[PDB]
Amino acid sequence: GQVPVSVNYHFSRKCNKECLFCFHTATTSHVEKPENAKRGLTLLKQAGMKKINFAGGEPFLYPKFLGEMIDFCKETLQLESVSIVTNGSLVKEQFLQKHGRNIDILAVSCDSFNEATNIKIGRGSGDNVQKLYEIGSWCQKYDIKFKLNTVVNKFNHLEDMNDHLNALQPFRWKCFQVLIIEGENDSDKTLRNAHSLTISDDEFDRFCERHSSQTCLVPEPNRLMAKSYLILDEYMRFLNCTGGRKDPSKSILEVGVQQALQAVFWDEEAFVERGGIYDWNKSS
């Protein structure tokens, strides 16, 4: 079966923000108790996991859990790469002082350098850019690789962000085409409806061309993003995106990694093509 080399653990669906396009919505509030999460991460390490990305939901709503799992993954499991993806609003310098030795990469999601755009998207109330520059400084102080995540959508796809990227200098800048997932952001009935925010393949290509001088840019059109991730939900079930859905396997805590992965689609050619294997720690 497939080797789960790089895994996203969406350990909670709770979030403090209202992004209109969110594709991983607040449909539950279950979080595994730490002994269960540690068991799951151990099974993944044994299956060949080298990199773990803590996601959600907003991970910094759970600093006690997140700190425990980061320290366990780096100190006990000896993973090559421990990363977090965050909206940045609840990141405190004290967390980076306490756990920063165990954090390889911190990714901050910021879709625009124009505050009126961040407000229209639902990601903040006007302080996202100032917070992003402060987190960038903290990553330099505590020796953490600084990563920026941008969702390219109808509200920001015409924006020129070169001047801010030249000041921030993230080692890695993910540019995601906004993606529709059935049961998350596709319906009148879901917690979000992203259909008004979608862009064409040509609009996404023009965004990337506008930023051709940024060597850190990692573009992810829908064809590369949809099925190229190994996604563990808040019950440590793999989510299968074959349908354009997020259909859960059995928990790795019930059937093990191999049985859970067996009937999950993971497009390894797409994963390699988007740059899923990279220099993901400081010694790289």
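Numbering starts at 1 and runs along the sequence shown.
- Per the PDB record, of the two stretches 10 to 18 and 257 to 265, 257 to 265 carries the greater mean B-factor over its C-alpha atoms.
- Averaged over CA atoms, B-factors in the entry run higher in 116 to 124 than in the other of 171 to 179 and 116 to 124.
- For the set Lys98, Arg192, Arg210, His195, the PDB entry puts the maximum C-alpha B factor at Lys98.
- Take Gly40, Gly56, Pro221, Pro34 and read off each C-alpha B-factor from the entry; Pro34 has the highest.
- In this PDB entry, the Cα temperature factor of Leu44 sits in the middle third of its chain's modelled residues.
- Looking at the C-alpha B-factors along this chain, the one for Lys250 belongs to the highest third.
- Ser137: CA B factor lies in the highest third for its chain, per the PDB record.
- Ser109 sits in the lowest third of its chain by CA B factor, as recorded in the PDB entry.
- In the PDB entry, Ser29 places in the highest third of its chain by CA B-factor.
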